[PDB]
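1. Starting from these lines, generate the structure:
(4 chains)
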Amino acid sequence: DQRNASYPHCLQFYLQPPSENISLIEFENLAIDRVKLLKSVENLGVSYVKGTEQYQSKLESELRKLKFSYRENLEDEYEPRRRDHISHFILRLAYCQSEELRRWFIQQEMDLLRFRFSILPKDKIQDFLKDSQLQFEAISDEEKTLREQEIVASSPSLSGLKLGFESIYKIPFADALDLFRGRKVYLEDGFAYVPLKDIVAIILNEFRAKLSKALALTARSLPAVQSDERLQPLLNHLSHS
Amino acid sequence: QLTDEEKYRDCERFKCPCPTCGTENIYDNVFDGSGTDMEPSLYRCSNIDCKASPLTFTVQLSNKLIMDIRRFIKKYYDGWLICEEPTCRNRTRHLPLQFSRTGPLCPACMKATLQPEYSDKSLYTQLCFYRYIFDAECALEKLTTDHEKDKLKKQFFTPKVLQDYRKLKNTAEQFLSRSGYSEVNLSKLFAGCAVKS
Amino acid sequence: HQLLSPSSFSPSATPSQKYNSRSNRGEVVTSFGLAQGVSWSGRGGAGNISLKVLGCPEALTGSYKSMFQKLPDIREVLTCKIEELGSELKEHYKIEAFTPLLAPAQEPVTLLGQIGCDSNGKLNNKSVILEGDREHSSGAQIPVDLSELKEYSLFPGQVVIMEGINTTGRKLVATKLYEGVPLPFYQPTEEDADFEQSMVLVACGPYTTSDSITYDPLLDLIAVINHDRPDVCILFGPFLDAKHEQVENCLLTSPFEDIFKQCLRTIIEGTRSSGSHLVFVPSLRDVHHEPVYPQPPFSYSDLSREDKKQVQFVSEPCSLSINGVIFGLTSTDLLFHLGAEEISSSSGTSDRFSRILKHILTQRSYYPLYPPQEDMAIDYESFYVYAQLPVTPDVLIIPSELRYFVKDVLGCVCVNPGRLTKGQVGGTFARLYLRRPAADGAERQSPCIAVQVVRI
Amino acid sequence: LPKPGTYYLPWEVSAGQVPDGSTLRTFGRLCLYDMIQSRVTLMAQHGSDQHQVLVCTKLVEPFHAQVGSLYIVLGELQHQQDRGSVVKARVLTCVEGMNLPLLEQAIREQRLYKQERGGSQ
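-> Numbering: from 1, shown residues only, chains lettered A, B, ... in the order given. What follows is the structure:
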């Protein structure tokens, strides 16, 4: 079962590069489709407020129209996931020239991943975390009760002694930047204690940002070899479309 | 942004002699004439005296097309190189083994670089042209007014005509489905990343 | 029972009465080996026959992307070939080091390179330039003088090791020329020697005259096969020659693929009675096939289940194994090209054909010539992958336009049955006998024992 | 102003005849380009033996690397604990088709003239 093994989950970290051969027309169409999807995501994010219902409904409609992978179905999702993978890699190749383009691409990719993660079931979240390289640590119940008051006072989306039936994670303070920035997490001797929802969302977003930045920097050294007479008009047009 | 006429400007036009009258019929588009003269290029012969319908010679047209494509392929694979120096103009088939920063070095002048006389781009454009002039569906879809398209379909484009055009188009699409000029190898493109294979 | 229908292809099929006027049928023009007092009869495929494909670790089975070539790939292929052959020669001959081409010295030096011509004309003894390998000489060129050479034999694209004095670094005076080292022979196994005896028939196209599409020689060959009942039949192309007068003018009223399929059906249904094995080798003169060397096998999807076990299609060129005896099959006219583009000097009488065959054997390649002839197309990646000799074949087959001959060169039997038709007259074909020799001999004995070139 | 780049044959650099921190300019044939760590390996064939030179190219990226082409590297030599010696390239230019024996002859002639001039003091 190569089909499901290659694309088992809708969510991806985009680690494995593609290895198959495709025609030029599909290459161009995938690049154009993904750039349109990114621009639509940016416009939807700017126009509305992240969350709500109309924003997510319009984003879902946009994803469905451009034949991409957003939902989870047991039948015939190989094609959308394959298109998403190949188009993302092509756009990464095309968007590694200047700092501004890299920042914009990372921002849009982070927003799209955040939405796709927000529309995922819980066991699917656990399976997706297991599939990728991240490994988290959960503190014991003794520790949890030892530091209950401080965590509740910090209130990382926890109100009224809601510490029960929750797992508190221990992470280095350099990875919780989003929550750490505005006093939304309890810090002790170099570690941050975060509830489940905040830890998965923020830490996954931050780790994805770091990995994507490192990989785009690595891919920056490549286009010095892109002297091919083909793909050159496409790259030039897509750079400043 | 290039139109069909500009894209295929340098392509050699297909020429086939009519088996009945012997006169050749140069083909350059599906429809010959502009205005009220919308007529398939295969509907009538060039000679007004000749009354043989060229559509009856589908097998001969396919054979001639195959021969022309084979000739063009053999011409491309010969590999003639011409020196870039205007004063040298050395023309040889022997590829020198002493390369340079850009390309092969011309042994005659030792200052310029050889270039292919017939590049693969021209051959691919030629094959695409030989497919283009026998694609009636795209030509019909290119018509601005739908009423004219329907009238042309009813008066002339019988299903047999469309089938013959499909056969002629397939005759070149068979060759076109083996070119390495329209197939990108992503493995070599992304060979610079080895963190995750 | 001519299943092929010339009247159904074109209404202008006039048979050549000259071919039907022949009276020298069955004449054995030449023979070889123990062909005296031996009758030619086989089991008709009722025994045990083993067929296999060898050579490159990946045998050619399907097509490939063709119309895309880049100069660095060709340069890499040529450099790799030159370097590998030179390294093998140096290891065999125990040489110390290879001096760079452009380095001048006052002492004799040993150089490695490729023989080439500085002009677009034919090679001569005054316009020879040696082009060295990239690693040792960066692909430099230096003229060579052969006035001091007693004996030599050169053609373009040949890998040679030369020893001489290069005082100025711009001209080399020849003093020696090492001889090629042939590949080791195949080692038979237990199953190979199990086969007792079998005989193989070989013929080459074209199968018509120059003025008809009746395919009468094909019918005659089918009748001969049916009467003789051989073990394995190998037929070469072209089956629909592109140099035929009718085909060139596009006067045929049927598609080329349909005509080829009808011809294949005729051959298979005619030869079904004999019960032998059939092998079809494509050729570059077929009008319905890709004109690129090497060539992918034929395609025919209307086969019956029984015919699958008796009809096989192989690539061009192909190294075929028959009962443990390695065969070398190629439809290219190598001998004609090499003879047209070869120069040499001899102190006495010598056979040109033997020299050409020895050069082919020692070059470890099916097409050693470079640049190729003006009417050939070669895909150099596919040529480097699928067109290498695995081992020295026991029996070598090469049809050619020259006079038919049977020769033994360096322990390898060379057979050139020739074209089946020559203009408007009949030609010749060959029959082979294969007996596995005893293993108690001091040296390897040639499995091929009797070969006869029979007129048709 | 950086120190001048004197010439050094590859079999002199690979033999540890150059002190640490000296600025040298050598040549060789490219073999590899590990993009993850930005390291380039060059060999030059002397007789029947092959010697290697390692070049760190962190100051010249982006780069178009051709495998099998001659290169000239100018930089400073640094000794490392386990990676032996690595040259920190400042300028790495591509030359193909250079007449190497002529270059070596010129280098030896320059060294001989320098020795002759220095023999009067």
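2. residues touching the residue in the stretch 151-300 of chain C positioned nearest to chain B, list them.
-> In the stretch 151-300 of chain C, no residue comes nearer to chain B than residue C:250, which is 4.3 Å away by Cβ to the nearest Cβ. Where C-beta positions appear, they are placed from N, C-alpha and C, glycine not excepted. Residue C:250 sits next to B:60, B:63-64, B:67 when contact means Cβ atoms under 8 Å, 6 or more residues apart in numbering or on different chains.
3. can you list the residues of chain C near chain D?
-> Where chain C comes near chain D, counting by Cβ under 8 Å from any Cβ of the partner chain, the residues are C:76, C:96-97, C:100, C:102-104, C:134-136, C:138-139, C:169.
4. out of the residues you listed, which touch chain B?
-> Among those, the residues that sit close to chain B (Cβ under 8 Å from any Cβ) are C:134, C:138-139.
5. Just put these in a markdown table and tack on secondary structure.
-> As requested, those are arranged in a markdown table below (DSSP: H, G, I helix; E, B strand; the rest coil):
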| residue | secondary structure |
| --- | --- |
| C:134 | helix |
| C:138 | coil |
| C:139 | coil |
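6. Pick the one among those closest to chain B.
-> Taking Cβ to the nearest Cβ as the measure, residue C:139 is the one of those closest to chain B, at 3.1 Å.
7. what about that closest one, how many neighbours?
-> 25 (other Cβ atoms under 10 Å in any protein chain shown).
8. close enough to count as contact, it and residue C:130?
-> No. Applying Cβ atoms under 8 Å as the test, residue C:139 and residue C:130 come out as separate, 11.1 Å apart.
9. Quick one: name the residues of chain A near chain D.
-> Proximity of chain A to chain D (Cβ under 8 Å from any Cβ) is limited to residues A:218, A:220-225, A:227.
10. now chain B
-> Chain B comes close to chain D at residues B:98-101, B:105, B:192, B:194-195, as judged by Cβ under 8 Å from any Cβ.
11. need those residues in a markdown table with distance to residue D:105, secondary structure and neighbour count, can you?
-> Written out in a markdown table, the entries for the residues of chain B next to chain D read as follows (distance: Cβ to Cβ, whole Å; DSSP: H, G, I helix; E, B strand; the rest coil; neighbours: other Cβ atoms under 10 Å in any protein chain shown):
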| residue | distance to residue D:105 | secondary structure | neighbour count |
| --- | --- | --- | --- |
| B:98 | 20 | coil | 20 |
| B:99 | 24 | coil | 22 |
| B:100 | 22 | coil | 16 |
| B:101 | 24 | coil | 12 |
| B:105 | 22 | strand | 21 |
| B:192 | 39 | coil | 16 |
| B:194 | 42 | coil | 12 |
| B:195 | 46 | coil | 12 |
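12. Need the three-state assignment for residue C:320.
-> When states are read from three-state DSSP, the local structure at residue C:320 comes out as strand.
13. Bridged to it, which residues?
-> Beta bridges link residue C:320 to residue C:53, residue C:327, judged by DSSP bridges.
14. which bits of chain D sit near chain B?
-> Within chain D, the residues that sit near chain B (Cβ under 8 Å from any Cβ) are D:35-36, D:94-97.
15. circling back to that earlier point, what's the closest of the contacts of residue C:250 to chain A?
-> Lowest distance from chain A to the contacts of residue C:250 (Cβ to the nearest Cβ) belongs to residue B:67, with 27.8 Å.
16. what about the spatially closest residue to that closest one that is not a sequence neighbour, which helix or strand?
-> In space, not counting the residues next to it along the chain, residue B:67 is nearest to residue C:250; the distance is 6.8 Å by Cβ to Cβ, 6 or more residues apart in numbering or on different chains. Element membership of residue C:250, judged by DSSP states H and E, is empty: it is in no helix or strand.
17. again with residue B:74
-> Using DSSP H and E, residue B:74 sits within helix B:58-77.
18. cool, and residue C:32?
-> Per DSSP H and E: residue C:32 is located in strand C:28-33.
19. With residue C:430 instead?
-> In this structure, residue C:430 sits in strand C:428-435 according to DSSP H and E.
20. next one: residue D:111
-> Using DSSP H and E, residue D:111 falls within helix D:100-118.
21. Centre-most residue in chain B?
-> Nearest residue to the geometric centre of chain B (Cα atoms, centre = their mean): residue B:126, 2.5 Å.
22. Wait, that one touches residue B:13, no?
-> No. The criterion here is Cβ under 8 Å, and residue B:126 misses it with residue B:13 at 10.7 Å.
23. For the spatially closest residue to residue C:177 that is not a sequence neighbour, grab the count of nearby residues.
-> In space, not counting the residues next to it along the chain, residue C:177 is nearest to residue C:152; the distance is 5.3 Å by Cβ to Cβ, 6+ apart. The criterion is other Cβ under 10 Å. On that basis, residue C:152 has 18 neighbouring residues.
24. pretty sure residue B:131 is in a helix, no?
-> Yes. According to three-state DSSP, residue B:131 belongs to a helix.
25. residues in contact with it?
-> In this structure, residue B:131 makes contact with B:169, B:172-173, B:176, judged by Cβ under 8 Å, 6+ apart.
26. Kindly provide the distance from residue C:101 to residue C:364.
-> Summarising the geometry, the distance separating residue C:101 from residue C:364, computed by Cβ to Cβ, to the nearest Å, is 23 Å.
27. Who has more neighbours out of the two?
-> Each of residue C:101 and residue C:364 has its neighbours counted (other Cβ under 10 Å); residue C:101 has more, 25 against 21.
28. Can I get the buried part of the residues of chain A next to chain D as one PyMOL selection?
-> This is how PyMOL selects the buried members of the residues of chain A next to chain D, with burial counted by 16 or more other Cβ atoms under 10 Å in any protein chain shown:
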select buried, chain A and resi 218+221+222+223+225
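29. out of the residues of chain A next to chain D, who's nearest residue C:421?
-> Nearest to residue C:421 out of the residues of chain A next to chain D is residue A:227 (Cβ to Cβ; 52.3 Å).
30. so that closest one sits in a helix?
-> No. With three-state DSSP as the criterion, residue A:227 is located in coil rather than a helix.
31. Run through the residues that contact the closest residue to chain D within chain A.
-> Per Cβ to the nearest Cβ, residue A:224 is where chain A lies closest to chain D, at 3.9 Å. The contact partners of residue A:224, taken as Cβ under 8 Å, 6+ apart, are D:61-64.
32. Let me have the residues you listed in TSV, extended by neighbour count, secondary structure and distance to residue D:20.
-> As requested, the contacts of residue A:224 are arranged in TSV below (neighbours: other Cβ atoms under 10 Å in any protein chain shown; DSSP: H, G, I helix; E, B strand; the rest coil; distance: Cβ to Cβ, whole Å):
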residue	neighbour count	secondary structure	distance to residue D:20
D:61	11	coil	25
D:62	10	coil	29
D:63	16	coil	26
D:64	11	coil	31
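33. Please give the number of neighbouring residues around residue C:83.
-> 16.
34. same question, residue B:56
-> Residues near residue B:56, counting by other Cβ under 10 Å, number 13.
35. which ones are touching the residue sitting nearest the centre point of chain A?
-> Within chain A, the residue whose C-alpha comes closest to the C-alpha centroid is residue A:113; the distance, by Cα atoms, centre = their mean, is 3.1 Å. With contacts defined as Cβ under 8 Å, 6+ apart, residue A:113 is in contact with A:11, A:204-205, A:208.
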